[PDB]
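Everything below concerns the one structure shown next.
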Amino acid sequence: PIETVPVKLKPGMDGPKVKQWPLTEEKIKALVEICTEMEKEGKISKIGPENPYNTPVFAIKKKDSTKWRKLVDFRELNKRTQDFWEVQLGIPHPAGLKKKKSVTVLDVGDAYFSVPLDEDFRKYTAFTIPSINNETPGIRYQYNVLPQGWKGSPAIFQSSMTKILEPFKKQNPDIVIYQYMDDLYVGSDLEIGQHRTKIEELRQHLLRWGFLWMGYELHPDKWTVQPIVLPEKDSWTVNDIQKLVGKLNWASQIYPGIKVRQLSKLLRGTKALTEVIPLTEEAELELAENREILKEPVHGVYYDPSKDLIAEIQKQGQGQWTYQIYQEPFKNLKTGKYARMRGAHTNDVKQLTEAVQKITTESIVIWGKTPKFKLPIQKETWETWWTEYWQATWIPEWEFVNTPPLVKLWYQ
Amino acid sequence: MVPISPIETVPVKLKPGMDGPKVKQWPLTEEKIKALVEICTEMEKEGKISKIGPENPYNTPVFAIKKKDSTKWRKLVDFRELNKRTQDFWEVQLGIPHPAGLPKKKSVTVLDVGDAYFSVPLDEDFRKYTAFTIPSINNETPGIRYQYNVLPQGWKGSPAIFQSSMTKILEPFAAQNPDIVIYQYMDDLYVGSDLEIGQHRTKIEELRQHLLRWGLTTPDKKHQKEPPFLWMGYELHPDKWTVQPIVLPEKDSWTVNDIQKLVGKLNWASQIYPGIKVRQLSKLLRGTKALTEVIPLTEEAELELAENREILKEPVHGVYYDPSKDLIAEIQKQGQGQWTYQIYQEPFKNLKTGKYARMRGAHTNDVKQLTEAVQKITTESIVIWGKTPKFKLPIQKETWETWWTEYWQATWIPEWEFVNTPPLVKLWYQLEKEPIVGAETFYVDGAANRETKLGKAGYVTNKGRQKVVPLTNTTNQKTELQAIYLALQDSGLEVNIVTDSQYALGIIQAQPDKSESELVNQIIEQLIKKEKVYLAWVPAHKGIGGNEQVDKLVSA
Ligand SMILES: Cc1cc(/C=C/C#N)cc(C)c1Oc1nc(NC2CCN(Cc3ccc(S(N)(=O)=O)cc3)CC2)nc2ccsc12
Ligand SMILES: [Mg+2]
């Protein structure tokens, strides 16, 4: 591949100028070894002071790996890169990937390094390996090949990728392969034993066309909108009924015909919170009607690819996290819950960081894009620590919730 | 002649679509012209500048200035216009090391690389943009026109291009001599080592021999400064460091400017002088642009200034960094939302100190502020030492565990240990998770008229207790909090409180221990006095008894 595909930024937009955040000595040393080798292989080159652009870089360890790996925060450059009608009018997102029994994700990021980057755009991929305590100037590089994490890399490589895969795709009409950034999502409907073969069969097929031995295994048959459920009790205290009425009042923003007044009439008077109240039959009926309403799907919920996906996360305690993906309030496209984050029973931020990555992976598989996160955490705590637990080669956007939402109760 | 390597040229462009400067040359006096001709003739003989023809259309004005006793003229070429039209550069000298991160060095020499600066060539295709004109005597001949062949002093790209060229020249010498450090600042290169001073001077002229490859003369710095080094506001001694002397002026009349230049010295001194506090003297700074305003000191402002100068009475120093020892950071609460910290490796020998002030909020608590301080120190330490320090914090391990397991936000602080240094950060109240059996249940509500600001707040309970209080100059949100306050006031040690105020519940669920609002503060003080409080929320106007009953009582 000698020829360059011409790329440029959006109109009236300069290249990124994002400050590099401080790094630990061991991450700096890891990056120095990684970049020295990349320089010898010609993937990157030293740049001079005539390049004022910058994109942040740090070091990562991927799932079950002891090798340091470099990750570039290309979020700004991706925003500023020309909108890619990626060799096409676009590929329709494989709606069938989200319905196949198992999905295996493969890091095919190395394939990018074998195709060259447009000579005029390389300047915009500039990054800095920072020094400690400003004791030397930062080491300044730019890319010569398609870098991992860049919007243009999957687009530019799509012609070669679709060619590499066609023999395997021609053999298997039932395997659905999807590409998002540096990752290949391989989803079949056969059982695990032959599934690890056919990904190894595709794996082994790739190396012949010019890797990482690695993978991740998903099961999108699960991914629904978790129903709202009400308690089933033989004796209701005043407090129980007050919570039920609150939850039903909230649910009535989502569901039509939710009624509360028969349950409200159980609370005639000024009663102690712990006093048991017997349900009337009109209140039992009303509670029953509410139960039936809550088992239907919500009306008029549709994905609009012109709007952002929004993901909210609530810390529920004891390693449990609830989350909802939507585009407009109360029209949940997907809800879920996580428990016992592996290797983090003592670290809230590690758990939250793993939840963000899981939710983003589900969002890629369902809609082919990442959601905008609303994180229950102060900006300064998240910003200090998330890079320590990040393991994906993409990075989504996030905002911070500083007021405790009342609705954490309702997803309990 | 011994061949010398060329210093590789940096390509330079103007800002896109922008052209070079076209500024008129000022008229000068005959004595200034004569001075500029002599000055420019010598730089021309040294290659710095070159004469050009009349085709070049660009121009940048020249000046001649004097000094007090220095009875000589000196050229000034005003590149303000060319700088506005020159591309942005990678300015790679913005950050400067902090002394607490530096390891000690047995020996340090200083070389002057001033002459080296002029052997860095300016990009050939860009020189036309640096053209300037010496006006002629009596304006009777064409003015002498020159352009630069080297980086001009005062031009936008000169510092970045110069330091980049030196760094590239120095890179192989540093890499092949790992037992020395080399640091650039101005026209001076600092070389430190830990080897015996004989091996040091050999490495030094080994470096000069290396610089000769590109033909750069580098003698020792004239009038060699004995320690301490006076550099970026510090005093670098061979084994200790401190800031340059902090002397706090004596004044009967403090103005905005006299006030804001003290906090500067205080902020600068807070990196080594422990316990510096700035809030009260800072507070007088909240909103004024007239810097001559004489605003009196509160006697909390006088107390902390006096509290300062007692800390500034004797000089104190930081130690330099030893990578073989652990890095430890200790924090103290000081009151009114400010915190101090010390970072050290061995007890009583601080690397540096510092302080943290609370973020401007309506409500807050000590644990959140301590957490913020921890993150700031964490980030500072990664900057200075490339690692997170071990923390010593004045909060009990059980207090932190209770806080983060129950707080609605995700939170984390790195490896730390309790240090019993009062005052201790603590949680001041904890709401119940379940209603309290046997405790009185207070149904509270408040309401206000948006126009007349008249309102009511009150409660009704299961034991028939009731109260409604009329209020003036109030809001809906205020009466809702006042209703909760009355219930706390009038209940025993254990109490269930039922509110429909999402506003009140959002404040209390944030767990503040102090507020801008005295009403919230009064509620906090009530919560501290209780043994158990269960706070329940219901939606308003759904006929929830107790809440329906009190809602009618307080709504007009
Ligand atoms: C080497 C150096 C010098 C300066 C001075 C500027 C001025 N004006 C600044 C920096 C950032 C330097 O850069 C590094 N400095 C250090 N350590 C220092 C070296 C100096 N000592 C003070 C001292 C020691 C010995 C003598 S003596 N006995 O020779 O007279 C006199 C003074 C304090 C610590 N470490 C590193 C590591 C990587 S860069 C770098
Ligand atoms: Mg009301």
Side-chain angles (χ1 to χ4, degrees), chain A residues 25 131-137, chain B residues 93 95-112 167 170 174 177-198 200-201 203-204 207 220-221 223-242 244 317-323 351 384-386 443-449 455-460 468 475-477 479-484 498-504 537-544 546-556:
Chain A
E25 169 152 54
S131 64
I132 297 177
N133 199 32
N134 290 293
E135 289 169 8
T136 58
Chain B
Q93 64 288 11
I96 72 140
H98 191 279
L102 312 181
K104 254 182 320 173
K105 299 298 171 188
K106 287 188 181 143
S107 323
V108 166
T109 86
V110 187
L111 317 187
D112 199 326
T167 287
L170 294 168
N177 296 261
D179 49 340
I180 59 63
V181 303
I182 298 148
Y183 179 82
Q184 182 158 10
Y185 163 71
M186 280 148 23
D187 292 64
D188 312 322
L189 266 192
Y190 299 81
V191 189
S193 68
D194 274 342
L195 41 71
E196 64 102 38
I197 182 83
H200 184 96
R201 329 185 81 69
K203 289 258 177 176
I204 285 298
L207 161 71
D220 293 327
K221 188 212 56 66
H223 290 281
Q224 184 86 12
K225 273 64 151 183
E226 320 82 4
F229 292 60
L230 301 212
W231 166 83
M232 306 307 285
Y234 302 99
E235 298 189 348
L236 312 173
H237 305 251
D239 53 359
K240 324 263 140 163
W241 76 269
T242 188
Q244 283 167 33
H317 305 267
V319 292
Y320 293 116
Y321 176 58
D322 180 5
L351 292 172
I384 301 179
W385 302 282
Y443 295 87
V444 306
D445 200 17
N449 176 257
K456 292 174 182 178
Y459 58 73
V460 300
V468 179
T475 74
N476 275 337
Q477 285 181 348
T479 63
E480 298 174 342
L481 287 166
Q482 183 85 31
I484 289 170
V498 178
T499 180
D500 63 25
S501 172
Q502 306 177 53
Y503 165 76
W537 179 88
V538 298
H541 298 142
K542 296 316 199 131
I544 293 80
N547 168 274
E548 158 150 78
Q549 265 72 11
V550 67
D551 177 67
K552 304 202 131 262
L553 293 181
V554 307
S555 300

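Counting starts at 1 for both ligands and their atoms, following the listed order. Because only heavy atoms are used, hydrogens play no part in the values below, and waters and symmetry mates are left out as well, while side chains stay in. Chain letters run A, B, ... following the sequence lines, proteins first, then strands; residues in each count from 1.
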Before moving on, can you tell me the angle at the Mg ion (ligand 2) between the OD1 atom of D551(B) and the OD2 atom of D445(B), to the nearest 10 degrees? 80°

Minimum non-hydrogen distance to [atom], winning option of [options]:
atom: atom 22 (C) of ligand 1; options: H237(B), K105(B), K221(B); result: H237(B)
atom: atom 15 (N) of ligand 1; options: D188(B), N134(A), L102(B), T136(A); result: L102(B)
atom: atom 36 (C) of ligand 1; options: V181(B), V191(B), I197(B), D239(B); result: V181(B)
atom: atom 6 (C) of ligand 1; options: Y183(B), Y234(B), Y320(B), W231(B); result: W231(B)

Side chain, backbone, both or neither: which part of [X] has a heavy atom under 4.0 Å from ligand 1?
X: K106(B); answer: backbone
X: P103(B); answer: both
X: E226(B); answer: neither

Could you grab the distance from atom NZ of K104(B) to atom CG of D239(B), nearest 0.5 Å is fine? 6.0 Å

Donor-acceptor pair, distance only, cut-off 3.5 Å: does the side chain of [X] make one with the backbone of [Y]?
X: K221(B); Y: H223(B); value: yes
X: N476(B); Y: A448(B); value: yes
X: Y320(B); Y: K240(B); value: yes
X: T479(B); Y: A447(B); value: yes
X: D187(B); Y: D112(B); value: no

Please list the nearest protein heavy atom to [atom] with its residue and the distance rounded to 0.1 Å.
atom: atom 26 (C) of ligand 1; value: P238(B) CG, 4.0 Å
atom: atom 32 (C) of ligand 1; value: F229(B) CE1, 3.3 Å
atom: atom 3 (C) of ligand 1; value: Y190(B) CB, 3.4 Å

Report yes or no: does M232(B) have a heavy atom closer than 4.0 Å to ligand 1? no

Check contact between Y185(B) and ligand 1, using heavy atoms of the residue and a distance below 4.0 angstrom. no

Evaluate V108(B) for polar contact with ligand 1, using N/O atom pairs at a separation under 3.5 Å. yes

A100(B) and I384(B): which non-hydrogen atoms are nearest, and at how many Å? C-CG2, 4.2 Å

Taking all heavy atoms of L195(B) and all of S107(B), pick out the closest pair and write down the distance. O-OG, 4.0 Å

Parallel, tilted or perpendicular, judged at 30° and 60°: which one describes the rings of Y183(B) and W231(B)? perpendicular

Which label fits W385(B) and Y321(B): parallel for a plane angle under 30°, tilted from 30 to 60°, or perpendicular past 60°? tilted

Atoms of ligand 1 under 4.0 Å from any heavy atom of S107(B), numbered from 1 in the order shown, are 29 (O)

By number and element, which atoms of ligand 1 are closer than 4.0 Å to a non-hydrogen atom of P97(B)? 11 (C)

